[PDB]
Structures are given as structure tokens and as C-alpha cells.
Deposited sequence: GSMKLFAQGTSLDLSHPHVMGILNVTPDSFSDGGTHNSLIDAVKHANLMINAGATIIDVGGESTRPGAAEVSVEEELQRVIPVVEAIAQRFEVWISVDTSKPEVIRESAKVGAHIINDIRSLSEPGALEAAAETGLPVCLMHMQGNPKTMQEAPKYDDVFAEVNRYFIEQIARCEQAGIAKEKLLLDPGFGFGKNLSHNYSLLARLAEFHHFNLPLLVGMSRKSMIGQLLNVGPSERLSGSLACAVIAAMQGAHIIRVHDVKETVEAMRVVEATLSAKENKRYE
């Protein structure tokens, strides 16, 4: 499995670490400093995000998101070789990001915004499709599923079809179950436990559990006390064949991923189920 963007490629034979770079409030200088630290710790992708999608988050104007994101993507692409994912839902941010060197469109809304689908297609870039029930304002009010795995699985079927009809080929797509995006604790763990079953689509799998409440509520610790839990989640995912792990704590995750790599390379079938 490989992805292609901006005249390079990304080999998904071994799990990759994606470092989180939030640029919600010198801002540009600190951002590039942080990216650099994450690159040196072994991150091969940086996820640049200028809109909070935490539960209850307020929307951000397109002009504000552009000012936060585009100088940061540009500065990174002009200095390093690391891949760059842009965590946005806005057509214009999608276009302007691709023009300045971004490689992956990581949309938590799966291109649901008006014109987002068409803009993503126009770039040619890889696209991550994430599951969310509802929207960030209300997704955590009362998450409810008869069968969460089935409903997330059905959602991916539907959204894959949707991207194909718009002219985005399967080979550009990634899937992400959306941990924390309209799920209670038990819903998140049902998805993590059956994650390997999403491989049937034959598409890269991306997960983002780092420091989220599925660790906090389970351990009864705050956000700065969740490293061990976060690593445990990362390893559980990567052992089931997840290709990209989105994290805050890059060095430590990269170390854990080596151990997973060694273990999978010693295994016959190269996955746990």
C-alpha cells in the first residue's frame, strides 16, 4: 500500500506516526519549532489543524482558518520533507493548502461541507474519511447506536461510494473510525476491539485516540496523565494493522511502533485478530 502526493510517496508497509500540530490560539515561529521537534522524534506526517472539533467547539470563519493554517503548511513544506496533512472541512482551505504543498486532506466531516467534495477531487490529493455521529457541537450529548461497528461500517460503504461518484478513486482514500466523535466509552472500545475487521475495504486505516476521554474516563486521570493509556491504544491499533496513528507524544509512540514492527515482522500472517 502506498499514497502519492506532491511528487513523493508514502509506504504503508509499516505503521506511521502522525504528529498533531494545532494552530488554534509568534504563532508561525512556534509552529515550525514544534513540527521540527516532531520530525526529529520520528513523525513522518504532521497534521495541521486550525479549527477545533472538540465536543462543543465553535465554528471558525474561513478567513481565520486560512490565516492560521496556510502560512504553517507553507513554512513546513519549504523547510522539511515530512508529509503534511491538513485537518479541515473548508473547500478554500483544501485548495490553498494543496497549492502550498499539503499531501493529505484529513477531513473529520468526510467532505460534507458544500463544495468540499469537489475541491478535494480537484487537488488530486489523498483523502481521509472519518466517522462522526452528528457534528462537534452536539455529537457527545447522547451518542446512540444499535450496533456501533455495523453503523460505522455502513457509513464507510456510503462515503466510499460518494467519493467515487465525485471522481475520487479508492486508491486515494483512508478510513478512520473517529474515536471520540459521537461515541461513549463502550462505543469507542467496541470499535478498537474490532478494528482489524475494517481491513476488508482494503484501504489504509488511520486512528486518533491520543489523550482522548476514552483513556481519561477509563483511568480517571486528566489530559496530561494519559501517555501510558495513549500508547496502549496505539499498540492495540497498530497490532491490528492500522497504518497511521495520530498522536501528541511522538517519540514515545514511534518507540512503541518499532516494537510492534519487530513483532509483526516475526509473525507469519502479519496481523492480530
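For this chain, the deposited residues without C-alpha positions form the stretches 1 to 2, 28 to 36, given in sequence order.
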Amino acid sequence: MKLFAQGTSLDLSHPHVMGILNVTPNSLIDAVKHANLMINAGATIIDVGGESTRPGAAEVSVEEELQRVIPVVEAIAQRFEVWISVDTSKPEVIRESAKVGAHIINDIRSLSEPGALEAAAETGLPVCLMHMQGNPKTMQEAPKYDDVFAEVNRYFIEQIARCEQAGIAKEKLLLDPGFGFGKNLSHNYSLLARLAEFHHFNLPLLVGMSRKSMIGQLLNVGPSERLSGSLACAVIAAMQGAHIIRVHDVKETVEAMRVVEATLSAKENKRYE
From here on, numbers count along this sequence of modelled residues.
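Rigid core (definition): largest C-alpha set, two forms, superposition within 1.5 Å.
Each structure in 8 other deposited structures of this protein is fitted to the shown form on the rigid core, and of 180 to 188 and 128 to 136 the C-alphas lie farther away on average for 128 to 136.
Averaged over structures and residues, the CA distance from the shown form in 8 other deposited structures of this protein after a core fit is larger for 53 to 61, of the two stretches 227 to 235 and 53 to 61. Across the other PDB entries of this protein whose models span the neighbouring residues, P15 is modelled without exception, so it is unmodelled in far fewer than a third. The question of which stretch, 144 to 152 or 167 to 175, has the higher mean Cα B factor is settled in favour of 167 to 175. Stretches 233 to 241 and 27 to 35 differ in mean CA B factor, with 27 to 35 having the higher one. In this structure the maximum Cα B-factor among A193, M139, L111, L125 is found at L125.
Placement of the Cα temperature factor of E255 within the chain: lowest third of the modelled residues, per the deposited record.
When the modelled residues of the chain are ordered by C-alpha B-factor, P71 sits in the middle third. When the modelled residues of the chain are ordered by C-alpha B-factor, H199 sits in the middle third. When all modelled residues of the chain are sorted by CA temperature factor, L12 is found within the highest third. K99 sits in the highest third of its chain by CA B factor, as recorded in the PDB entry.
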